Structures are given as structure tokens and as C-alpha cells.
Amino acid sequence: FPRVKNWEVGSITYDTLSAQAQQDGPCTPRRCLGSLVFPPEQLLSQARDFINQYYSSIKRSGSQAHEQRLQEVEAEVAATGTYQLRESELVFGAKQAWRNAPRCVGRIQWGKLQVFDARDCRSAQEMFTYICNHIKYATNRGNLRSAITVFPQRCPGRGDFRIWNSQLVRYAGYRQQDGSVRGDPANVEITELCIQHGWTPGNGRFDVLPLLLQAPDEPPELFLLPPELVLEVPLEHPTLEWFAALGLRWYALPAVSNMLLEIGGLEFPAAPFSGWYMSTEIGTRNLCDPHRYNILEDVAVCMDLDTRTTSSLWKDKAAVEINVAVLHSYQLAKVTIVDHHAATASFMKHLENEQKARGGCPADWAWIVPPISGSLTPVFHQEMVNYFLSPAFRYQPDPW
Amino acid sequence: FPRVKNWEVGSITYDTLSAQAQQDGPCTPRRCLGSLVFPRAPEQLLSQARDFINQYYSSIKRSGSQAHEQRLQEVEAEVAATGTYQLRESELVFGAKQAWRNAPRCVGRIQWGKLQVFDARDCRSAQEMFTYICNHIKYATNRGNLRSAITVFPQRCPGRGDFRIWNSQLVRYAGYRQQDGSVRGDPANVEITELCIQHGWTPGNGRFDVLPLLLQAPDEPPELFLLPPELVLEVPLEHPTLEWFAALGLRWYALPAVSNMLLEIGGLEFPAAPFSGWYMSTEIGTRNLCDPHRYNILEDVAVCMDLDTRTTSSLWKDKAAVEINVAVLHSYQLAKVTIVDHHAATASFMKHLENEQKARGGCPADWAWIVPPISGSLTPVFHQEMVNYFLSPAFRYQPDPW
Ligand code: HEM
Ligand code: HEM
Ligand SMILES: C[C@H](O)[C@H](O)[C@H]1CNc2nc(N)[nH]c(=O)c2N1
Ligand SMILES: C[C@H](O)[C@H](O)[C@H]1CNc2nc(N)[nH]c(=O)c2N1
Ligand SMILES: Cc1cc(N)nc(CCCN(C)C)c1
Ligand SMILES: Cc1cc(N)nc(CCCN(C)C)c1
Ligand SMILES: [Cl-]
Ligand SMILES: [Cl-]
Ligand SMILES: [Gd]
Ligand SMILES: [Gd]
Ligand SMILES: [Gd]
Ligand SMILES: [Zn+2]
Numbered sequence: 068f069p070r071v072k073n074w075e076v077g078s079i080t081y082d083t084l085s086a087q088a089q090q091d092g093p094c095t096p097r098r099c100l101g102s103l104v105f106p120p121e122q123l124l125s126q127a128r129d130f131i132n133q134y135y136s137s138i139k140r141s142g143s144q145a146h147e148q149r150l151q152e153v154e155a156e157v158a159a160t161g162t163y164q165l166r167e168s169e170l171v172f173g174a175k176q177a178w179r180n181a182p183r184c185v186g187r188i189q190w191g192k193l194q195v196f197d198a199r200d201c202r203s204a205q206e207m208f209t210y211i212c213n214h215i216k217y218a219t220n221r222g223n224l225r226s227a228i229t230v231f232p233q234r235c236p237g238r239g240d241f242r243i244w245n246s247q248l249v250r251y252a253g254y255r256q257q258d259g260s261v262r263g264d265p266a267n268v269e270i271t272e273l274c275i276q277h278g279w280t281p282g283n284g285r286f287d288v289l290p291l292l293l294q295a296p297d298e299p300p301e302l303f304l305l306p307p308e309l310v311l312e313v314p315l316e317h318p319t320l321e322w323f324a325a326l327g328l329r330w331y332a333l334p335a336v337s338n339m340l341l342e343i344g345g346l347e348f349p350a351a352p353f354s355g356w357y358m359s360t361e362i363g364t365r366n367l368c369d370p371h372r373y374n375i376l377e378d379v380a381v382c383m384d385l386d387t388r389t390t391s392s393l394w395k396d397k398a399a400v401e402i403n404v405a406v407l408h409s410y411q412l413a414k415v416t417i418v419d420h421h422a423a424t425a426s427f428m429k430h431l432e433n434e435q436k437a438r439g440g441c442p443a444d445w446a447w448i449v450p451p452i453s454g455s456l457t458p459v460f461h462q463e464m465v466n467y468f469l470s471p472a473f474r475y476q477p478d479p480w
Numbered sequence: 068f069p070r071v072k073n074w075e076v077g078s079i080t081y082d083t084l085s086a087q088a089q090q091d092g093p094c095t096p097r098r099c100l101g102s103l104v105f106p107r119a120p121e122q123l124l125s126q127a128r129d130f131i132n133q134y135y136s137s138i139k140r141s142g143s144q145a146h147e148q149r150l151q152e153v154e155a156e157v158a159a160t161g162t163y164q165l166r167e168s169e170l171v172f173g174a175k176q177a178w179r180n181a182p183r184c185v186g187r188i189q190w191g192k193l194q195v196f197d198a199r200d201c202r203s204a205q206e207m208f209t210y211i212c213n214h215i216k217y218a219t220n221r222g223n224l225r226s227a228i229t230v231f232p233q234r235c236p237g238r239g240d241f242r243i244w245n246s247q248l249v250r251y252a253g254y255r256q257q258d259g260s261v262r263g264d265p266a267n268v269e270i271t272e273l274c275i276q277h278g279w280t281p282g283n284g285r286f287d288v289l290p291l292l293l294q295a296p297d298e299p300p301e302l303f304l305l306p307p308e309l310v311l312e313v314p315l316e317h318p319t320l321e322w323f324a325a326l327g328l329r330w331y332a333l334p335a336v337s338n339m340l341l342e343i344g345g346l347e348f349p350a351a352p353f354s355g356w357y358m359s360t361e362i363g364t365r366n367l368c369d370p371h372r373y374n375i376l377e378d379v380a381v382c383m384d385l386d387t388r389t390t391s392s393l394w395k396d397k398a399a400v401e402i403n404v405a406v407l408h409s410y411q412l413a414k415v416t417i418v419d420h421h422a423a424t425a426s427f428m429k430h431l432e433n434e435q436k437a438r439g440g441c442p443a444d445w446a447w448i449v450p451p452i453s454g455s456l457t458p459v460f461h462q463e464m465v466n467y468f469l470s471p472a473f474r475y476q477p478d479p480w
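Protein chains in written order, with full-length UniProt numbering: chain A, 68 to 106, 120 to 480; chain B, 68 to 107, 119 to 480.
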């Protein structure tokens, strides 16, 4: 059992939960690959195990309802070749997949999740309405609420439900007479898919993209989001009056719409989950990555910093203020957001909860440690262990 | 072979060098332990020696030659006879440079070929050991124009104990347990401070008292040796625009010289082989001065900066840390002592990975040690995927000799 040390306090724990690890990771005794971003009747094996998880989690192992439910999943697969989850189970498995997400620093919140059941969905126009209930419920006028919407589970012979966008809110990315990009350069591909399928492109650096929703065995269909439903935050700084002039904005709702939910052997290729932002996500990665909006030098010029030498730490100073601007703006607009110090301190509380409850916690060090001020947060000094537990959110290929 | 992506540019390479990794790390396909700090007969000696000799003869464009098999047979005959063997001088220089080259947690490896190797394998006593060390400190410091160097003391051998330096670095500040429960000085150094005292050192009571050296000759208790103050170059810390900063009374020393690691070359072990380069400013500014379990100055600086420390979202911790790093860079520059900031160091490490991809087909790197502890994603290494594995020659950790 791996020994795990915290170097700030000098405290030691053992990760016994690592024993239950399901799907193998990318590392071998020969080499570590932890820093890499992207690393038939077996369906009954995983279903049986997930069902035992549910009943132990409600102190109902070895009793009547536990025995009972085991047989009907057995009979469901025998007759149909698959099975349906009870409502309580789909709830319990959504929370568990979030709980088991090693790259998420916000799992202290994993027990507070609103689960929308879109398993009776049957058309792309139905998708849009379900997605639209989600967005408006999750946004909640800025008092954000964690939510996931689960569309039908995949089956043989029939196509997949899929959202083609990586998130529900993305900004446009436009090429030019010189190749380079206006807007968000991450979303250059989906932007050109949307232009293909009928959307007339805007001219701005912060155009909210239209959705591309895919009913099974039908091609994707464009859907224009209601602008009154996409809450956005214009960015200003508390004491740098010119910051507002830079015209920067970000949206309120972080909602990943490209990952595949897996519960008890069942696979849901369309299942958007949403929470609220950690401020480094917007202020550090989205606005300052060189391949993203890359605003770092523009802000430094406006601050009259000396950009001619790296040792003035002008990059560091300008980055800190961009993060100050994100936090101040979201708080003034009363949109839920959490800074990387508060977020990481709650994660340390989570680890300790999880140590007592489950005997460990799969955590991915490179992604839990924030991208500014790493060693100023407690997670930097906490050793972690990474492994795969089910249920889980999984990456998946793109549907083109 | 593992595919490696650079997410900032789009570059894609394949680490073929990892296939040669001969010793095992701590990860399995079940679980990654990459974030853990400490993740750890004649024929086996023979097979590592054979491999190193092959490495050396590759480096001198004499692979498969007369001289090459000459050395291979020679080493076996010496192992059969003596149970071990001796490196030629040129083999030792090449082996010390490869060990640096091979060190996955060093971001300054663009410099790996520029290393001054001092051969002290004739050292006879703790007293002679001390003399060799003073000369190392003197040459490396070079009045502030620092030069990378390593001194190699006699190798491990059956029949006689090891040479050991008990201090983890040649220059360390004392850490005295206080009256209440606090530490005065550097809390990382309470243990070695206590060993020096119990070995008859007279402790000071400052926050920056330089520690004496505890030097162990084979089958001998360690002996205390004081470093002459004029040999230990230090830097008073000031801030270019925060004049009150000088009143903190903070200093750091010029020379980073690790003295507690084991140098392995072709199966032979040198448990005493201190090595030194020059600092990257974050080791001092961020870790040494701002870690809660170290000098822990972050809040005091932020209060002095008139920041609002009652709420995290004002980012007072980030702002104060940035200026503490400014103070470090400015102060070493003022004093004309070599130092590299985390933006320049990571950008030269990017050129090292490129150089190494063409020379060897990859490069062992520990992402969590390479990415700086402030402003991580503002440096290019954050966006570089990396493959961590173990090559030999190597610097390895080893247990404390007490
Ligand atoms: C409630 C507040 C939440 C916060 C502050 C938060 C924070 C974060 C952050 C900062 C990341 C790093 C992702 C990146 O760097 O792009 C992340 C990853 C992730 N989070 Fe959370 N999260 C929250 C809620 C949730 C919820 C509700 C779910 C699912 C139900 C979830 C599941 C995940 C997953 C699967 C990842 C991995 C993303 C990927 O690998 O691309 N999180 N989270
Ligand atoms: C010349 C300038 C150098 C720079 C800028 C530099 C930079 C660094 C830094 C920042 C670390 C991380 C240390 C920590 O966080 O405690 C490190 C580690 C290391 N360096 Fe370098 N270094 C230099 C020279 C050298 C030399 C000359 C050698 C050996 C001949 C060396 C071998 C190592 C080793 C073995 C480690 C790992 C130490 C440990 O794991 O505790 N370095 N280096
Ligand atoms: C190469 C490296 O794995 C990659 O840049 C990772 C590092 N850590 C990260 N951590 C988070 N939270 N999000 C990321 O996108 C990344 N990127
Ligand atoms: C727990 C964690 O592995 C530990 O704090 C590591 C993180 N990365 C590091 N990186 C460097 N360069 N030096 C360190 O001491 C550490 N410490
Ligand atoms: C649920 C959730 C919350 C949050 N704060 N962040 C995310 C991920 C954002 C997308 N990244 C992959 C770019 C998801
Ligand atoms: C040779 C060398 C250069 C450098 N820049 N830094 C170090 C590390 C100092 C000690 N750390 C292990 C705490 C060593
Ligand atoms: Cl995002
Ligand atoms: Cl140090
Ligand atoms: Gd101006
Ligand atoms: Gd001033
Ligand atoms: Gd004071
Ligand atoms: Zn690993």
C-alpha cells in the first residue's frame, strides 16, 4: 500500500483505495507517463460491482433489496443484452464519477449534484431543450449550481447521441488573410465546422458559438443559443481603470460537453456536467496561454512594465493582475467563482475526508496544483496517487 | 515508444531513449507515484560496467575498436581478481557529466557539458577531505562568477567504510529549536544542527548562522570542520523599490552545493561526490523563503506591502511572492553573483530537450520538478509533456549515515 507524505506538516497516510483500481493507467516500472494529457458478456461484471457499490453506500449489503436488484439486472441482460439503471443508481453513479475524477480540484462538492434524466430523449430538437433547461438551471442568475444531464445510453446497431462542441459555451476562432486567429484559437476547428453547417460567422473576438447536436444516425444540426441564456462577465480591474477598455469578457458557466460517462458497464456518450469556475482557469490558462488569447504582453504594456528583460518578472506581475481582474469582475456581477487558494484548501479537506471514508483518493498532481503560485498552495506539498476507479468520466474520440 | 506532445506549439516527438531505461521507478499500470519525493554478486557489477564502458567508447567515436574490447576484458579480469575495478581519469570526467545529463529533476541541464571535475579519489583522511572541499568552494564561487564543479572522493569498496559528508549541502544555515516551540533559522536543518552540537560545535543564535561540516572518513566518527567566513560568499537581500525590505535582515548564500547524493558510474559507487552550479531564483525566493515549513516570510512581507491579508481573493500571497523573487534577482545582480530566473531557465531547458531529442532520442524529465513553483503555466515547460525514467551514470539518493 503506497505511503503518502505531506511535506508541509510531515504527516503520513497509506492509500488502500488504490487496490481497487479498474482500468490500467499509462505508467510502467520502466517510465512514468503521468504528465501526458491524453494517456461480449463482460457488461455484467461491471454492472454487478456497481450494484454492490450502491447498496453498501446505503448500508444495504446482504439484504433483500440488494439480492433482488442483482437478479433483475441479470435477467435484463439475458433478455435484452443490456440493462437500465434505476433513478437512484444513476444519481449515485453520477456523483461517484465526479468523486473519482482525479484531475478535479473541486470534488469537496461531489455530494451536491443535481441530476437531470434525459434518457427518454429522441431527437436533436429534444437535446436542445434539455441542454437549455440545464444551462438556465445551472446558471441560476449567477448563483451557479452543479448539474449534469444524462442522455440515452449507447446501444449496438444504433448511432450515438453526441454534442460536437467541447463545452456548451465556446468563443469563435477566425482565420485571416495571414492565417492567424481572431477570437479563441482553441476552437478554430469547431468554428469552421459550424460555419460549414450553415452558421454565418460574426466578426468579434468573443462570439458565442452555436451548438452542433447529433441525434443517432442523423447528421448534426445547428442550434442558436438564446443570448439571454448565456450569462457573461465583462472584465474590469478594481484599480487599473484602463483594463475594462481592453474589451475582455468570459462566460459564467463551465460545462464540459465532450466526455463520456460510464456507470456499471453502461456508456453515455452525451452527458454534459457543469459547476463553477476556478479563477486561474480563465485568468491564467484561457487568457494567458500563448496559444489561447495570449494577452500577457498587452496587459504589461498597459501597466508600463519593462518587458525587455525576463528578470523584471513582468510576466508574473501582469498575470497576477489578470487573475485579480477575473475574481473582481465575477464577484461584482455576483457570479459564483473560487480562487486557487480557497479551492486548494478545500481540496486538502477533501483528501482528509476521503482518507477516513474510503482510505484514499485518486489525484493527478499536475492538474490539482494550480498554474500560478503552485508552491504557495498546500496541494503542492501533498504527495498524491493517481489511478482509475469506476464509475468515471472518460475521454472519447471526436464524432467526425 | 511513448508519444510526447508540446501543447503550446503542436510539436510531437517519440521518446526512444526511454527503452534503454535500466533501473525501475515506482509507478505501475495500476497507479502512478510520480509525485512522491523519495520513490525508493560479480556478474551484475560486470554488466553495468560493460554498459558504461560502451557509453564512453561511443562518446569518443571509438566503438568496437581494439581499445574498446581492451578495456572490456581488462575490467572483467580486474573484477575477477579484485572484485571491483578502477575508472580511468577520462572515464570519470565523462561519467560525472553523464550523471548530470541524466538527472530528471535538474532544469539547468543545458550546461551539462560544462563541468569541472576534481579527482580526489586519493583522499586519505577527513582532514584532507576538508582541504579538497574548501578548494571546491573557492573555485566554484569564483568571487560571484560561479562555475559548475564536482569533487569525487574515493569509491565504495569492500573492507573499508565509506567517505561521507553528513551535511546535505556544503552551505546550510542553522536551525535552532526555540523557547516556545518555534525554530530560529532554517527549520529544514534542525537535525544536522543538532548533530553538529552533539559533536561539539558551539551554536550561535542567529537566523543565518552557517553550519560547520561533519566529515566522515572510513571507519571513523565524523569530524567537525568550520568553514572560514571569507570562503562562504553570501548576498544581503534588498528590494529595488521597497526600501523597507532591507530591514528584514535576510540573506542567502551564493553557492548551491549538494553533498549527500551518491554518484554511480558503471556499477561503482561514490557516496561522497559533492556537486555545485548556480541558483535559479525560485529555489530561494519561492521555496526557501516562502514555504510555510521554511523561513515562512510571505505574510510578513504582504503586511509590510500594505496588502489585504484577510481574504484570499485579493491574491496577496501571489503579489508578495512575486516581489520576494524580484528582491532575490535584484540582490544577486547587485552583488554580481550568478543567478537565473525561472523564465530564462525553463526556456533554456526547452533547448536542452531539443538538443537531446536529436542526440539521444529523448530526455528523462520529472515534470513536477521541472515546472517552477510560481508562474508554472507562464513558462514553456508547463506545456511540454515529459517522460521520467532512470539512466546510468546517475546521482541517487542514499540514507543518512546516522
Ligand atoms: C463545483 C465547482 C467545480 C470546480 C471549482 C472545478 C474545478 C476544476 C478544475 C480547475 C479542473 C481542471 C480542468 C482544466 O484545467 O481544464 C477540473 C477538472 C474536471 N472536473 Fe471539476 N470543478 C467543479 C465541478 C465539477 C463537476 C460538477 C464535475 C462533474 C459532475 C466535475 C468533473 C471534472 C472533470 C471530469 C474534470 C476533468 C476535465 C478534463 O480532464 O478535461 N467538476 N475541475
Ligand atoms: C549550473 C546551473 C544549475 C542550475 C540552474 C540548476 C537547477 C536546478 C534546480 C532548480 C533543481 C531543483 C532543486 C530543488 O528543487 O531542490 C535542480 C536539481 C538537481 N540538479 Fe541541477 N542546476 C544546476 C547545476 C547542476 C549541476 C552542476 C549538477 C551536477 C553535476 C546538478 C544536478 C542536479 C541534481 C542531481 C538535482 C536533483 C536534486 C534533488 O533531487 O534533490 N545540477 N537543479
Ligand atoms: C504537459 C502537461 O501535462 C499539460 O500542459 C497539463 C499540465 N497540467 C494541467 N493541469 C490542468 N488543470 N489543466 C491542464 O490543461 C494541464 N495541462
Ligand atoms: C509533494 C511534491 O512532490 C513535492 O512538494 C515536490 C513537488 N515538486 C518539486 N519540485 C522541485 N523542483 N523541488 C521540490 O522540492 C519539489 N517538491
Ligand atoms: C465541471 C467543471 C468545472 C470547472 N471549473 N472546470 C471544468 C473544465 C473546464 C474545461 N477545461 C477542459 C478547459 C469543468
Ligand atoms: C547543484 C544545484 C544547483 C541548483 N541550482 N540547485 C540545487 C539544489 C539545492 C538543494 N535542493 C535539493 C534543496 C543544486
Ligand atoms: Cl474553460
Ligand atoms: Cl537550497
Ligand atoms: Gd499612459
Ligand atoms: Gd519605495
Ligand atoms: Gd518585524
Ligand atoms: Zn507515473
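All residues carry an ideal CB built from backbone N, CA and C; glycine is no exception.
Taking 8 Å as the cut-off, does the CB of residue i come closer than this to any heavy atom belonging to ligand 3?
i, result
"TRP394/A", "no"
"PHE460/B", "yes"
Apart from the five residues on each side of it in sequence, which residues of its chain come closer than 6 Å, Cβ to Cβ, to residue i?
i, result
"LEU431/A", "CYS441"
"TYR373/A", "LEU367"
"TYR134/A", "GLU169 and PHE172"
"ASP378/B", "none"
For residue i, verify whether its CB is less than 8 Å away from any heavy atom of ligand 11.
i, result
"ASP384/B", "no"
"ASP378/B", "yes"
Spell out the partners DSSP gives residue i in its beta bridges.
i, result
"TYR81/A", "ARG70/A"
"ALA335/B", "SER354/B"
"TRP330/A", "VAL313/A"
"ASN466/B", "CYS99/A"
"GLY263/A", "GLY253/A"
"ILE275/A", "According to DSSP, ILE275/A bridges with nothing at all."
Using the Cβ count rule (16 or more neighbours within 10 Å means buried), how would you classify residue i?
i, result
"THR229/A", "buried"
"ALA332/B", "buried"
"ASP444/A", "buried"
"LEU165/A", "buried"
"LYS429/A", "exposed"
"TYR475/A", "exposed"
"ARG70/B", "exposed"
"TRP322/A", "exposed"
"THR319/B", "exposed"
Report yes if the C-beta of residue i is less than 8 Å from at least one heavy atom of ligand 12; otherwise report no.
i, result
"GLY222/A", "no"
"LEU100/A", "yes"
"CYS94/B", "yes"
Going along the chain, which residues of its own chain have a beta-carbon closer than 7 Å to the beta-carbon of residue i, five neighbours each way excluded?
i, result
"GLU167/A", "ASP197"
So does residue i have its beta carbon nearer than 8 Å to some heavy atom of ligand 10?
i, result
"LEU320/B", "yes"
Compute the minimum distance between the beta carbon of residue i and the heavy atoms of ligand 2, and state whether it is under 8 Å.
i, result
"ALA177/B", "yes"
"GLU147/A", "no"
Going along the chain, which residues of its own chain have a beta-carbon closer than 8 Å to the beta-carbon of residue i, five neighbours each way excluded?
i, result
"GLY222/B", "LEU311, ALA332, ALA413, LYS414, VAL415 and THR416"
"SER137/B", "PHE172"
"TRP480/B", "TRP244 and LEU273"
Following a CB-centred definition, is residue i positioned closer than 8 Å to any heavy atom of ligand 6?
i, result
"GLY253/B", "no"
Any contact between the stretch 176 to 192 of chain A and the stretch 446 to 462 of chain A? By contact I mean 3 or more CB pairs, one from each, below 8 Å. yes
Check whether the stretch 338 to 355 of chain B touches the stretch 218 to 237 of chain B, counting contact only when three or more Cβ pairs, one atom from each stretch, lie closer than 8 Å. At 8 Å Cβ cutoff, the stretches touch.
Can you find at least 3 beta carbon pairs, one from the stretch 268 to 281 of chain B and one from the stretch 302 to 319 of chain B, that sit closer than 8 Å? yes
Does the contact criterion of 3 or more C-beta pairs under 8 Å hold for the stretch 458 to 478 of chain A versus the stretch 452 to 467 of chain B? no
Cβ contact (3+ pairs, closer than 8 Å) linking the stretch 382 to 398 of chain A and the stretch 348 to 358 of chain A: no
Is the stretch 209 to 218 of chain B touching the stretch 345 to 355 of chain B in the sense that three or more CB pairs, one from each, lie closer than 8 Å? yes
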